[PDB]
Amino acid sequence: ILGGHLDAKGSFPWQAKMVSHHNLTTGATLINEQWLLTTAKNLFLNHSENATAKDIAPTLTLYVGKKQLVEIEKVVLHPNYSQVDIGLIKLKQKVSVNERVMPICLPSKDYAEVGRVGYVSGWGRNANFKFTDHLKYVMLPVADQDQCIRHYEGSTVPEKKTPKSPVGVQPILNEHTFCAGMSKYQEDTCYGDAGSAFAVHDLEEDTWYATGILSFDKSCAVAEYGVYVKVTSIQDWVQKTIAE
(Lines of atoms letter the chains of each structure in order from A and count residues from 1; the text may use other names and numbers.)
(Lines give C-alpha, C1' and ligand atoms only; values in the text may rest on other atoms or scores of the structure.)
Protein backbone atom coordinates (compact mmCIF):
# COMPACT_ATOMS: atom_id res chain seq x y z
CA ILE A 1 0.00 0.00 0.00
CA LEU A 2 1.42 3.36 -1.07
CA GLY A 3 0.66 6.10 1.44
CA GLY A 4 -2.43 5.61 3.54
CA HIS A 5 -2.74 5.01 7.27
CA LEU A 6 -1.20 2.60 9.75
CA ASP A 7 -3.65 0.09 11.23
CA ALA A 8 -2.77 1.49 14.65
CA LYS A 9 -6.01 0.48 16.41
CA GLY A 10 -6.30 -2.99 14.85
CA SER A 11 -9.42 -2.21 12.84
CA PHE A 12 -9.15 -5.06 10.29
CA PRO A 13 -9.31 -8.35 12.24
CA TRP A 14 -10.32 -10.14 9.01
CA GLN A 15 -6.97 -9.36 7.36
CA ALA A 16 -4.63 -12.33 6.93
CA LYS A 17 -1.05 -12.50 5.67
CA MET A 18 -0.19 -15.30 3.25
CA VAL A 19 3.43 -16.16 2.41
CA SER A 20 4.57 -18.27 -0.53
CA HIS A 21 7.42 -20.77 -0.28
CA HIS A 22 9.76 -18.18 -1.85
CA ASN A 23 8.92 -15.46 0.69
CA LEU A 24 6.40 -13.43 -1.31
CA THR A 25 3.67 -11.84 0.81
CA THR A 26 0.02 -11.62 -0.28
CA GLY A 27 -3.32 -11.10 1.41
CA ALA A 28 -6.34 -13.17 2.42
CA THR A 29 -9.69 -12.34 4.01
CA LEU A 30 -11.31 -14.24 6.87
CA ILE A 31 -15.00 -14.69 5.95
CA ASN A 32 -15.68 -17.54 8.37
CA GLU A 33 -14.26 -19.30 11.40
CA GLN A 34 -12.61 -21.82 9.04
CA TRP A 35 -12.57 -20.21 5.58
CA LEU A 36 -10.71 -17.36 3.88
CA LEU A 37 -11.03 -15.63 0.51
CA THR A 38 -8.03 -14.94 -1.72
CA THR A 39 -7.12 -14.73 -5.40
CA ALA A 40 -6.09 -17.62 -7.64
CA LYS A 41 -3.00 -15.70 -8.75
CA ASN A 42 -1.90 -15.54 -5.10
CA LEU A 43 -2.13 -19.33 -4.77
CA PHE A 44 -0.24 -19.93 -8.03
CA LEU A 45 2.62 -17.70 -6.87
CA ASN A 46 5.98 -19.48 -7.24
CA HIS A 47 4.22 -22.40 -8.93
CA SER A 48 3.64 -23.52 -12.49
CA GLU A 49 0.25 -23.20 -14.16
CA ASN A 50 0.18 -27.03 -14.05
CA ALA A 51 -0.06 -27.15 -10.24
CA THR A 52 -3.27 -28.38 -8.61
CA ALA A 53 -5.03 -27.47 -5.37
CA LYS A 54 -3.49 -30.35 -3.41
CA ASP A 55 -0.07 -29.22 -4.64
CA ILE A 56 -0.52 -25.61 -3.52
CA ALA A 57 -1.91 -26.07 0.00
CA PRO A 58 1.18 -27.58 1.75
CA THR A 59 3.46 -24.84 0.35
CA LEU A 60 1.48 -21.99 1.94
CA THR A 61 2.00 -20.15 5.23
CA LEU A 62 -0.85 -18.13 6.70
CA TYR A 63 -1.02 -15.65 9.59
CA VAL A 64 -3.99 -13.92 11.23
CA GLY A 65 -4.11 -11.28 13.93
CA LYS A 66 -0.74 -10.62 15.57
CA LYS A 67 1.56 -13.00 13.67
CA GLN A 68 -0.65 -15.95 14.65
CA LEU A 69 0.02 -19.03 12.52
CA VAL A 70 -3.02 -21.04 11.41
CA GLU A 71 -2.82 -24.49 9.84
CA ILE A 72 -4.30 -24.90 6.36
CA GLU A 73 -6.36 -27.96 5.45
CA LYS A 74 -6.99 -27.38 1.74
CA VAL A 75 -7.60 -24.78 -0.96
CA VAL A 76 -10.42 -24.63 -3.52
CA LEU A 77 -9.77 -22.70 -6.72
CA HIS A 78 -12.71 -21.11 -8.48
CA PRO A 79 -13.79 -23.36 -11.38
CA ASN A 80 -13.18 -20.38 -13.70
CA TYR A 81 -10.24 -18.69 -12.02
CA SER A 82 -8.98 -17.31 -15.36
CA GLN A 83 -11.92 -14.86 -15.30
CA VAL A 84 -12.77 -14.94 -11.57
CA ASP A 85 -9.40 -14.59 -9.80
CA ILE A 86 -10.62 -16.20 -6.58
CA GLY A 87 -9.65 -19.07 -4.32
CA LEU A 88 -10.93 -20.33 -0.99
CA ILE A 89 -8.69 -21.47 1.89
CA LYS A 90 -10.03 -23.82 4.56
CA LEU A 91 -8.33 -24.09 7.94
CA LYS A 92 -8.05 -27.37 9.82
CA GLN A 93 -9.26 -25.73 13.04
CA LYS A 94 -11.81 -23.05 13.78
CA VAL A 95 -9.80 -19.95 14.60
CA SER A 96 -10.63 -18.36 17.95
CA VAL A 97 -12.41 -15.05 17.34
CA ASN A 98 -11.38 -12.02 19.40
CA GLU A 99 -10.56 -8.35 18.83
CA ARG A 100 -7.52 -9.25 16.70
CA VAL A 101 -9.08 -12.11 14.69
CA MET A 102 -12.63 -11.77 13.34
CA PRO A 103 -14.28 -12.59 10.00
CA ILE A 104 -15.84 -9.93 7.80
CA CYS A 105 -19.44 -10.35 6.68
CA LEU A 106 -20.44 -11.32 3.17
CA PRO A 107 -22.87 -8.73 1.78
CA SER A 108 -26.50 -9.26 0.91
CA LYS A 109 -26.63 -5.91 -0.90
CA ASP A 110 -24.62 -4.66 -3.87
CA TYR A 111 -22.49 -1.78 -2.57
CA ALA A 112 -20.32 -1.49 -5.70
CA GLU A 113 -21.76 1.85 -6.78
CA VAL A 114 -19.49 4.29 -8.63
CA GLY A 115 -18.11 6.59 -5.94
CA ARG A 116 -18.72 4.49 -2.82
CA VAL A 117 -15.72 4.66 -0.48
CA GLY A 118 -14.28 1.39 0.79
CA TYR A 119 -11.35 0.47 3.04
CA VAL A 120 -8.52 -1.70 1.69
CA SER A 121 -5.99 -3.07 4.17
CA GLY A 122 -2.83 -4.78 2.97
CA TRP A 123 0.64 -6.17 3.66
CA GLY A 124 1.83 -5.17 0.19
CA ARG A 125 4.78 -3.04 -0.83
CA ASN A 126 5.01 0.62 0.18
CA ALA A 127 6.52 3.72 -1.44
CA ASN A 128 10.01 2.19 -1.06
CA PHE A 129 8.94 -0.99 -2.91
CA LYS A 130 9.30 -2.83 0.42
CA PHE A 131 6.77 -5.14 2.05
CA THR A 132 5.28 -3.10 4.87
CA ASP A 133 6.28 -3.89 8.45
CA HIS A 134 2.85 -3.02 9.89
CA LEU A 135 -0.61 -3.38 8.40
CA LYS A 136 -1.76 -0.35 6.41
CA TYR A 137 -5.11 0.69 4.99
CA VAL A 138 -6.36 3.16 2.39
CA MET A 139 -9.80 4.54 1.51
CA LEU A 140 -10.65 4.17 -2.17
CA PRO A 141 -13.79 4.98 -4.18
CA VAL A 142 -15.43 2.73 -6.78
CA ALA A 143 -14.60 3.97 -10.28
CA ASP A 144 -16.66 4.09 -13.45
CA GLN A 145 -16.61 0.65 -15.07
CA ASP A 146 -16.43 1.87 -18.68
CA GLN A 147 -13.68 4.42 -18.00
CA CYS A 148 -11.73 1.64 -16.27
CA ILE A 149 -12.12 -0.78 -19.19
CA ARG A 150 -11.11 2.09 -21.47
CA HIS A 151 -7.93 2.81 -19.51
CA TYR A 152 -6.67 -0.79 -19.29
CA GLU A 153 -7.93 -1.95 -22.70
CA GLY A 154 -8.84 -0.44 -26.05
CA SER A 155 -12.56 0.23 -25.64
CA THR A 156 -15.78 -1.47 -24.58
CA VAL A 157 -15.91 -3.15 -28.01
CA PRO A 158 -14.11 -6.54 -28.02
CA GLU A 159 -12.81 -6.06 -31.58
CA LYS A 160 -11.15 -2.75 -30.63
CA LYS A 161 -9.11 -3.66 -27.54
CA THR A 162 -5.37 -3.16 -27.14
CA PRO A 163 -3.03 -3.58 -24.12
CA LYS A 164 -2.39 0.07 -23.16
CA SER A 165 -1.82 -0.81 -19.49
CA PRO A 166 0.56 1.74 -17.90
CA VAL A 167 2.05 -1.14 -15.89
CA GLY A 168 2.26 -3.47 -18.91
CA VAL A 169 0.58 -6.44 -17.25
CA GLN A 170 -3.15 -6.57 -18.04
CA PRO A 171 -5.86 -6.88 -15.37
CA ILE A 172 -8.80 -9.24 -15.65
CA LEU A 173 -11.96 -7.25 -16.41
CA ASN A 174 -15.43 -8.70 -16.96
CA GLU A 175 -18.88 -8.80 -15.36
CA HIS A 176 -17.57 -10.12 -12.02
CA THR A 177 -15.34 -7.06 -11.60
CA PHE A 178 -15.36 -3.46 -10.43
CA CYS A 179 -12.57 -0.88 -10.24
CA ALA A 180 -11.43 1.56 -7.56
CA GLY A 181 -9.80 4.84 -8.51
CA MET A 182 -7.19 6.96 -6.80
CA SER A 183 -8.43 8.25 -3.45
CA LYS A 184 -7.32 11.89 -3.59
CA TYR A 185 -3.52 11.71 -3.83
CA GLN A 186 -0.98 9.22 -5.19
CA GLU A 187 -1.83 6.54 -2.60
CA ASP A 188 -2.96 3.18 -3.95
CA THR A 189 -2.59 -0.59 -3.66
CA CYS A 190 0.52 -2.39 -4.90
CA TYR A 191 2.25 -5.77 -5.09
CA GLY A 192 1.09 -8.08 -2.32
CA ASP A 193 -2.19 -6.31 -1.55
CA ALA A 194 -4.17 -8.82 -3.63
CA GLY A 195 -6.47 -11.09 -1.66
CA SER A 196 -7.46 -8.25 0.67
CA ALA A 197 -11.04 -7.06 0.96
CA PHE A 198 -12.58 -3.87 -0.36
CA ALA A 199 -14.42 -3.40 2.92
CA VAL A 200 -17.59 -1.29 3.04
CA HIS A 201 -18.97 0.05 6.32
CA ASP A 202 -22.78 -0.16 6.24
CA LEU A 203 -23.72 2.77 8.48
CA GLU A 204 -27.36 1.63 8.64
CA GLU A 205 -26.39 -1.66 10.32
CA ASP A 206 -22.94 -0.60 11.60
CA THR A 207 -21.48 -3.70 9.97
CA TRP A 208 -18.41 -4.17 7.78
CA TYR A 209 -18.83 -6.09 4.52
CA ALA A 210 -16.41 -7.59 2.02
CA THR A 211 -17.75 -6.00 -1.16
CA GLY A 212 -14.68 -6.98 -3.19
CA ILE A 213 -11.47 -8.98 -3.14
CA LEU A 214 -8.51 -7.16 -4.66
CA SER A 215 -7.37 -9.03 -7.77
CA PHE A 216 -5.18 -6.64 -9.80
CA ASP A 217 -2.63 -5.18 -7.36
CA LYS A 218 -0.04 -3.95 -9.87
CA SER A 219 -1.32 -0.40 -10.45
CA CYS A 220 1.25 0.93 -7.98
CA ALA A 221 0.01 4.54 -8.34
CA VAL A 222 1.27 4.66 -11.95
CA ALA A 223 -1.92 3.14 -13.40
CA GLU A 224 -5.31 4.48 -12.38
CA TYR A 225 -7.41 1.77 -10.76
CA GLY A 226 -7.12 -1.47 -8.91
CA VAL A 227 -9.47 -4.23 -10.05
CA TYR A 228 -11.61 -6.15 -7.55
CA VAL A 229 -13.75 -9.28 -7.70
CA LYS A 230 -17.40 -8.62 -6.85
CA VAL A 231 -18.16 -10.71 -3.78
CA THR A 232 -21.86 -10.70 -4.70
CA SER A 233 -20.95 -12.38 -8.01
CA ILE A 234 -19.28 -15.32 -6.20
CA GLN A 235 -21.47 -15.56 -3.09
CA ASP A 236 -23.37 -18.58 -4.43
CA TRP A 237 -20.17 -20.53 -5.15
CA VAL A 238 -18.78 -19.53 -1.75
CA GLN A 239 -21.78 -20.80 0.21
CA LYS A 240 -21.79 -24.08 -1.74
CA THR A 241 -18.06 -24.67 -1.30
CA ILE A 242 -18.23 -24.03 2.45
CA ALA A 243 -20.65 -26.99 2.73
CA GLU A 244 -18.47 -28.62 1.81
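Just count from 1 along the sequence shown to find any residue number.
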- Note on the structure: Entry B factor averaged over C-alpha atoms, 38-46 against 177-185: higher for 177-185
- Going by the entry, of stretches 213-221 and 191-199 the one with greater average Cα B-factor is 213-221
- Most elevated Cα B-factor in the entry, residues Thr59, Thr26, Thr29, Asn32: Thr59
- Item | Selection by C-alpha B-factor (highest) of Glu153, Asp85, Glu113, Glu71 | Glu153
- Temperature factor at the Cα of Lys161, chain-ranked in thirds, falls in the highest
- Record-listed C-alpha B factor of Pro107: chain third: lowest
- Query: Ranked by Cα temperature factor within the chain, is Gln15 in the lowest third, the middle third or the highest third?
  - Reply: lowest
- Query: Of the three thirds of its chain by CA temperature factor, lowest, middle or highest, which one includes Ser121?
  - Reply: middle
- Task: Sorting the chain's modelled residues by C-alpha B-factor, tell me whether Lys90 ends up in the lowest, middle or highest third.
- Result: lowest
